[PDB]
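Q: quick one, fold the following:
(chains A, B, C and D)
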Amino acid sequence: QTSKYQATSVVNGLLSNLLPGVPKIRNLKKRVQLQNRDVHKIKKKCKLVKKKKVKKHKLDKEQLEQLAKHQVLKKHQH
Amino acid sequence: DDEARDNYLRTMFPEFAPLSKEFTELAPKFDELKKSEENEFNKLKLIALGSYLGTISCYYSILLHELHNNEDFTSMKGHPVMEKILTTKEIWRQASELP
Amino acid sequence: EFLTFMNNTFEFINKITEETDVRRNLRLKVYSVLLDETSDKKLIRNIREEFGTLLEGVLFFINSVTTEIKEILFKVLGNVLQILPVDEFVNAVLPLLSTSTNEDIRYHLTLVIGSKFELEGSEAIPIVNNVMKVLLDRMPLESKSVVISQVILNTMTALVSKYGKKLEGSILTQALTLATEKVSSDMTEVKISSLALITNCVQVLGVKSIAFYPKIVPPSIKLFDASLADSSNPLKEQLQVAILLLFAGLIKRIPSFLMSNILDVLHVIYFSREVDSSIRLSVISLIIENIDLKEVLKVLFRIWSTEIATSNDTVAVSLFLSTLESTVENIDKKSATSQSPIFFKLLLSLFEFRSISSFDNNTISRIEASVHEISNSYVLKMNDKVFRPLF
Amino acid sequence: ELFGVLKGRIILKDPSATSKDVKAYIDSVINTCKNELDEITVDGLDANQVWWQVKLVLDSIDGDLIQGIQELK
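A: Residues are numbered from 1 along each chain as shown, chains lettered A, B, ... in the order given. And now the structure:
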C-alpha cells in the first residue's frame, strides 16, 4: 500500500515537471485546446509558491539564530 | 566488383576519392605535429589539423552507415557534414601557412 | 488501564516537547550550545548521540503502535525533528541508518531525511553530498527490502530534482549507473523509481548522459513490451506512465540523439493503452517542437503500415492522425518538397484503408476527411515541378 | 585503421573501424584545448550521433581557434 503510494507520487512528480497542465493520476478537438494551454503560467505559479515557502523558513532560521546568539552573548558577558 | 563499386562511389560521391587521398597524406603530418615541439604556432596547427582529420573520418562513418541502412539515400552532399569539411579544411589551410 | 496511562503518558511527553521564552524552548537551547564556541565538542557529540537514540525511540512506538495514541506520537515526532538543525540532523541520523536493524525504522528514517531538505536551500549542498554518498552505499545493502529500496531512490530523485546541478558530478554519474542497473529489477516499483531517477539525472546531465544512452532507451522499450503483456500488473498505469515520462524527459534534453530510435517511441505512445490521451497527446507535441520533422514523416510511414494499419485501435489511429496534422502544418516548404515521395506513398496508403479498416462507415469517413485536409495542406506549399511527376 | 584501408573498399569494412578514429582525432583536439564534452563517445551510437558530438565540440572550439590563427598569422 505504501509502495503504490510512493509509485504514484514519484510518477506524479514527473508529471508536474514535464507536463504541468495535464491532470494527475489518482481527440482531434482535444489537440488544439491542449495546444492553446498556457502551461508557462502554471510553471510560474508553482515556482513562486515554492519560493515563498523557502523564503519563509529561511527567515525563521535567521530570526531563531539571532535569539540563541544573543543568549550566548549574555552568558559570556556575565 | 572493385571497379564497378569504386566507379559507383565516384558517380555518387565525387568527393569520396579526394577525401581519402587527403586523409592518407594528412595522417602522417598529424602525427608529426604531435611529434614536433609544442610551440604556440605548432600547438594550434595540431588543433586545426586534428579538427580536419576528425571531420573527414566522421564523414566516412556516416557514408558507410547510410549506404547500409538508407537505400533511398543517394547524395551525402546534402548532409551538412560537407559544410564542416569546408570550414575545417579552410581553417587547417590557414594553419598550414603558420610557421 | 494500561493503555489509558500510555495515552496520558504520551500526552505528558507532548506537553514538554511542545514549543509553546528562551529558557522554556528545548529547540533554542540546542542551538545556543551549538552557537557557543566554548561549548565542548564532546557535549555536542552527546546531543547528536542522545538525539539519535531519541529519534529511534519515538519511531519505534509509531512502527509498533489505538488511533488516538497513533496521533499523539506524530505530535511528538513533529517536535523531535525540529529540536536540532539540518547539519547536525544529517550527521546524527545518517550513521544510525546502518545501525538500525529494523526495516520499518529505516523506512521512516529515510523519509524524514528527505523531508528535512524539502524546505532547504543552497546552504545544504555540502550536506546533501554526504547524504547522497551514504544513500548510494546503502542501496546494495537494502536491495532485499523493496520498500526501502524504493524510498531511497525516491529521496535521490527528490535531491537530484532540487539543486541537482549544484551537487557534485561524480555522485550524479554514480546515481545514473545505479538507476540503470535497477531498471532491470523484477519488482515493478523498483523499475518505476529507477525510471524516474534516470529522468532527473538525464535532465541534470544533458548531453553528458549520452554515454549511458545505449543503457537507457533500449531497455526502456523492452520494458514496455513486457508492460503490455502483463495487463494484470496492478501498477500498469503507474508503470506505463513512467515509461512515457522518461521519453518526455529526454525528448526535451537530447532530441537529436533520439532521432534514430524515434520510431519505437511512437510505438510506445500509440499502444500505451493504460495512459490517458491527454498525457500521450501532450508528449506528442514535444516531438514536433523539439525533433526534426523530416525524420518524423519517414518513420510515420513505417510505423503505420507495420503496426497501426492492422491495430484497429481507435486511440492509436487518432494519435497517429494528431501527429500527421501537427507535422505537415509545421514542416518547411523546402523540406516538404524533399520528403514528398514518402508522403505521397503514405497518402496512397491512407486512401486504401476502406479495404482493410474494420471500423464502421462513420469512423472511416471521418478518417478520410482528416486525410484530405492534411493532404490538401501538404500539396500546397510546393511547386509544379515536384508535383507533376507525382500527379 | 582508416588510414591503412584508404591508402575505395571501406564500404566492405565495418563502419566501426572508421568511427574509432573519429574518437582519436577529436579527443586529441578536446585534450588539446584542455591544455562541452570530455570525450566523443563512439560505443553504441550511429554516425549521426557521433557526428552530433563532433559538431558541438568542433563548433565551440572554432571561436578560439580562429582567433589564435589570426595571432599566429
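Q: C-alpha only now, for contacts and for neighbours.
A: Noted.
Q: where do the helices of chain D begin and end?
A: D:2-6, D:15-34, D:47-72 (DSSP state H).
Q: apologies, that question was intended for chain B.
A: Assigned by DSSP H, the helices in chain B fall at B:2-12, B:16-35, B:40-69, B:81-97.
Q: and for the one helix or strand residue C:269 maps to, what are the contacting residues?
A: Here residue C:269, judged by DSSP states H and E, is contained in helix C:262-271. Contact with helix C:262-271 is made by C:221, C:224, C:244, C:247, C:280, C:284, C:296, C:299-300, C:303, C:315-317, C:319-320, as judged by CA atoms under 8 Å, 6 or more residues apart in numbering or on different chains.
Q: most neighbours of all the residues you listed, which one?
A: With neighbours taken as other CA atoms under 10 Å in any protein chain shown, the top of the contacts of helix C:262-271 is residue C:247, carrying 25 neighbours.
Q: buried sites along stretch A:18-30?
A: For stretch A:18-30, the buried set under the neighbour-count rule, 16 or more other CA atoms under 10 Å in any protein chain shown, comprises A:18, A:19, A:20, A:21, A:22.
Q: out of those, which comes closest to chain D?
A: residue A:18 (24.5 Å; CA to the nearest CA).
Q: surely that closest one and residue C:248 touch.
A: Yes - with contact defined as CA atoms under 8 Å, residue A:18 counts as touching residue C:248 (6.9 Å).
Q: what is the burial count for the residue of chain B found nearest chain C?
A: Nearest residue of chain B to chain C: residue B:72, at 10.1 Å (CA to the nearest CA). Using other CA under 10 Å, residue B:72 has 8 other residues around it.
Q: swap in residue C:357?
A: Neighbours of residue C:357 under the rule other CA under 10 Å: 15.
Q: pull the contacting residues for it.
A: Counting by CA under 8 Å, 6+ apart, residue C:357 has contacts C:310, C:312, C:364.
Q: near chain C, which residues of chain A show up?
A: Within chain A, the positions adjacent to chain C are A:2-4, A:6-8, A:10-11, A:14-15, A:18-19, A:22, A:27-28, A:30-31, A:34-35, A:53-54, A:57, A:64-65, A:67-69, A:71-72 by CA under 8 Å from any CA of the partner chain.
Q: the residue in chain C that chain A sits nearest to sits in which helix or strand?
A: Here chain C gets closest to chain A at one residue, residue C:32, 4.7 Å apart by CA to the nearest CA. Assigned by DSSP H and E, residue C:32 belongs to helix C:26-35.
Q: next, the buried residues of the next helix or strand after that helix.
A: Counting by DSSP H and E, the element after helix C:26-35 in chain order, helix or strand, is helix C:41-63. Neighbour counts over helix C:41-63 (16+ other CA under 10 Å) mark C:47, C:48, C:49, C:51, C:52, C:55, C:56, C:58, C:59, C:62 as buried.
Q: a markdown table please, covering the residues you listed and showing distance to residue A:49.
A: Formatted as a markdown table, the buried residues of helix C:41-63 follow (distance: CA to CA, whole Å):
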| residue | distance to residue A:49 |
| --- | --- |
| C:47 | 35 |
| C:48 | 33 |
| C:49 | 36 |
| C:51 | 32 |
| C:52 | 33 |
| C:55 | 31 |
| C:56 | 33 |
| C:58 | 32 |
| C:59 | 31 |
| C:62 | 32 |
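Q: for those residues, which one is nearest chain B?
A: Of all those, residue C:48 has the smallest distance to chain B: 56.2 Å, by CA to the nearest CA.
Q: if we can go back for a sec, now the helix holding residue C:32 against helix C:41-63, angle please.
A: If you take axes from the mean of the first three to the mean of the last three CA atoms, to 10 degrees, helix C:26-35 sits at 150 degrees to helix C:41-63.
Q: and residue C:348, how many neighbours?
A: 10.
Q: can you tell me the element it falls in?
A: helix C:340-351.
Q: residue of the stretch 1-150 of chain C closest to chain D, please.
A: Closest point on the stretch 1-150 of chain C to chain D, by CA to the nearest CA, is residue C:129, at 22.8 Å.
Q: and that residue, what is it in contact with?
A: Residue C:129 makes contact with C:167, C:168, C:171, according to CA under 8 Å, 6+ apart.
Q: surely the last one is in contact with residue C:131?
A: If I follow you right, that is residue C:171. No - contact criterion CA under 8 Å: residue C:171 and residue C:131 do not qualify, at 10.5 Å.
Q: neighbour count winner among the two?
A: Between residue C:171 and residue C:131, residue C:131 has the larger neighbour count (other CA under 10 Å), namely 20 against 17.
Q: that one sits in which helix or strand?
A: Short version: residue C:131 belongs to helix C:125-141, going by DSSP H and E.
Q: in the helix or strand immediately after that helix in the chain, what's buried?
A: The C-terminal neighbour of helix C:125-141 among helices and strands, as given by DSSP H and E, is helix C:146-161. Across helix C:146-161, burial judged by 16+ other CA under 10 Å covers C:147-161.
Q: what's helix C:146-161 packed up against?
A: Contacts defined by 3 or more CA pairs under 8 Å, 6 or more residues apart in numbering or on different chains; DSSP states H and E place helix C:146-161 against helix A:2-18, helix C:103-118, helix C:125-141, helix C:188-205.
Q: show me how far the longest one is from its chain's centre.
A: Read that as helix C:188-205. Helix C:188-205 has its C-alpha centroid displaced from the chain centroid by 5 Å (CA atoms, centre = their mean, to the nearest Å).
Q: and the next helix or strand past it?
A: helix C:217-229.
Q: okay, angle between that next one and helix C:188-205 too, please.
A: 150 degrees.
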